[PDB]
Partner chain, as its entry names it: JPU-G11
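Take a look at this single chain, the form solved without its partner chain, given in structure tokens.
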């Protein structure tokens, strides 16, 4: 099957269902952006993210200076209708590449099922939505109807190559750390990709290599779906917990620290840097969060809104958290099923495992050094496909990851900025 049924053109007419101008809730004030609902609970906004953060409203560089050498600034990127057409087609292409594998089909199903928890009530007997987990669609009559959604694919802000997850917070709840979840905004662009070196000693060295191979953007997107996956199930490790990298003397020299959440998202040998004592403290911590989600679903006897039933919403949240619906009318947690789902989101959905499915050359660790960033156009099938990416089959590019070879497949890549030396 396809993940995206409709092949969207950016200049397609607005219908108010899956092609419409929309407003982001807690983005202070904004003018409407044309958005595309490519799947149930998944929208794509082909715009530079001048919205989610009040501090990121411009696309120019600030007084900021000698802090980020791994950065790239172009205020004209993603400003024309043609770029927006290729952006949304590039995101759509990468989403089918992720859907093309069993691992991606499982992560995408886990993402679509991960409805953010209805925990905005202040009465225990009432199940109410959290109002910033929605969007405001303009419908054909001209008015605004709010609609729940899980995932948003947004363009980057001023710093083009700094992809990251974003989500609005509560005044009290920590939505990505309390099992609730929250609508995730992924700053992403399919028009750029990073370089990396094939030898480990070179890739982890901040002084060697120009970036001979390029990262498959399908891996980069899937990396971010994994973060949003944990964040949509409220099991994200607090970004204050970081690991003091003592396996890279260049890292030790600068005191560079790497978060537990990203080491987990990459997986491989990196996810073993979490020593088993705090790995178990997290599972026990989030086990309790799942259970008073079950206790809250037990306390509730009324439902706010008119969109759906109380019966339907309780079934949604014992489907998301895999709670046990016995016949006491009360919901429970099965530690075995909780571990089955907690391990799936954390260990099964990793950047390293997606590499095994794509049969793709990739960075062997997250504790490396970015080397270069290229300009790419993966829209034309002569350049990139759903099933192969850059290594087109029955062609000199299919062998030896030659499609990702920026020197052998040189017309698919144009280097824009070197990161070697600036470290």
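Between two forms, the rigid core is defined as the largest C-alpha subset superposing within 1.5 Å. Numbering follows the first chain given and starts at 1.
Residue 26, though modelled here, lacks coordinates in at least a third of the other entries of this protein that were compared and that model residues flanking it.
Note: missing coordinates for residue 230 occur in none of the other compared entries bracketing this position, so the one-third threshold is not reached. Higher mean CA B-factor, judged across 60-68 and 363-371 from the recorded values: 60-68.
As the entry records it, the average C-alpha temperature factor is higher for 161-169, out of 161-169 and 228-236. The entry lists C-alpha B-factors for 104, 329, 217, 90, and the highest of these is at 329. Per the deposited record, 251 carries the highest C-alpha B-factor of all listed residues (77, 321, 95, 251).
Per the deposited record, the Cα B-factor of residue 379 falls in the lowest third when ranked against the other modelled residues of its chain. Among the modelled residues of the chain, residue 338 sits in the middle third by CA temperature factor in this PDB entry.
Among the modelled residues of its chain, residue 241 has a C-alpha B-factor that falls in the highest third according to the deposited record. In the deposited entry, the Cα temperature factor of residue 119 sits in the middle third of values across the chain's modelled residues.
In the PDB entry, a CA B factor belonging to the highest third of its chain's modelled residues is recorded for residue 27.
Although not depicted, the form deposited with its partner chain bound is the subject of the following passage.
Contact with its partner chain in the bound PDB entry, defined as a heavy atom within 4.5 Å, holds for exactly one of 296, 332, 79, 100, namely 100.
The shortest heavy atom separation between residue 105 and its partner chain in the bound PDB entry is within 4.5 Å. Contact between residue 349 and its partner chain in the bound PDB entry is found at the 4.5 Å heavy atom cutoff. Mapping the unseen interface onto this chain, residue 109 counts among the residues with a heavy atom inside 4.5 Å of its partner chain in the bound PDB entry. For residue 291, no non-hydrogen atom is located within 4.5 Å of its partner chain in the bound PDB entry, even though that partner is not displayed. When both forms sit on the same rigid core, the CA shifts between this form and the one not shown reach 2 angstroms or more only at 328 out of 240, 328, 82, 76. Here residue 58 does not count as shifted, since its C-alpha moves by less than 2 Å between this form and the one not shown after the core is aligned.
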